[PDB]
Amino acid sequence: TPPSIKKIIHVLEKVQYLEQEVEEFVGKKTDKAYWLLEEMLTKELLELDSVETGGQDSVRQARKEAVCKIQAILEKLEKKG
């Protein structure tokens, strides 16, 4: 059942790096970090959002988890900026 997991995985790694970034985020929306932060995050979300599962347990779990993370990192950034 060759799924699109490759997508959620790629974005997952991207979110990971961003996760560490947001964590180390200077703490000011004026910094370019926040710009590229939300920017890369937004693109990543829209990217994985176009995943084709058609009934895949793997993609399902990864899908929900992906949305949680992206939304998690985004919410964290907004709260810390």
# chains A, B, ... in the order shown; residues from 1 in each chain; ligands from 1

$ residues_around --residues "segment 73-75 of chain A" --least-positions-apart "3" --cutoff "7 Å" --atoms "only C-alpha atoms" --output "number ranges by chain"
A: 19, 38, 69-70, 78-79

$ write_last_selection --atoms "C-alpha atoms" --output "PDB file, in the first residue's frame"
ATOM      1  CA  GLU A  19      10.960  23.303  16.209  1.00  0.00           C
ATOM      2  CA  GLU A  38       6.190  31.003   9.893  1.00  0.00           C
ATOM      3  CA  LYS A  69       3.073  19.692  15.244  1.00  0.00           C
ATOM      4  CA  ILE A  70       2.778  22.432  12.613  1.00  0.00           C
ATOM      5  CA  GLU A  78       2.630  33.272  18.380  1.00  0.00           C
ATOM      6  CA  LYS A  79       2.571  32.860  22.160  1.00  0.00           C
TER       7      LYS A  79
END

$ residues_around --residues "residue 80 of chain A" --least-positions-apart "3" --cutoff "7 Å" --atoms "only C-alpha atoms" --output "JSON, numbers by chain"
{"A": [27, 76, 77]}

$ write_last_selection --atoms "N, CA and C atoms" --output "PDB file, in the first residue's frame"
ATOM      1  N   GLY A  27      13.156  35.766  20.259  1.00  0.00           N
ATOM      2  CA  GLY A  27      12.038  36.204  21.072  1.00  0.00           C
ATOM      3  C   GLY A  27      11.456  37.520  20.601  1.00  0.00           C
ATOM      4  N   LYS A  76       2.988  28.027  19.435  1.00  0.00           N
ATOM      5  CA  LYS A  76       4.082  28.330  20.348  1.00  0.00           C
ATOM      6  C   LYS A  76       4.771  29.632  19.951  1.00  0.00           C
ATOM      7  N   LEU A  77       5.017  29.791  18.655  1.00  0.00           N
ATOM      8  CA  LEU A  77       5.666  30.993  18.142  1.00  0.00           C
ATOM      9  C   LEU A  77       4.829  32.231  18.450  1.00  0.00           C
TER      10      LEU A  77
END

$ select_by_dssp --residues "segment 10-67 of chain A" --states "helix (DSSP H, G or I)" --output "number ranges by chain"
A: 10-24, 32-48, 57-67

$ residues_around --residues "residue 58 of chain A" --least-positions-apart "3" --cutoff "12 Å" --atoms "only C-alpha atoms" --output "list in words"
residues 1, 2, 3, 4, 5, 6, 7, 8, 9, 51, 52, 53, 54, 55, 61, 62, 63, 64, 65 and 66 of chain A

$ closest_residue --among "A:28, A:71, A:59, A:17" --to "residue 46 of chain A" --atoms "only C-alpha atoms"
A:71

$ closest_residue --among "A:40, A:22, A:48, A:33" --to "residue 60 of chain A" --atoms "only C-alpha atoms"
A:48
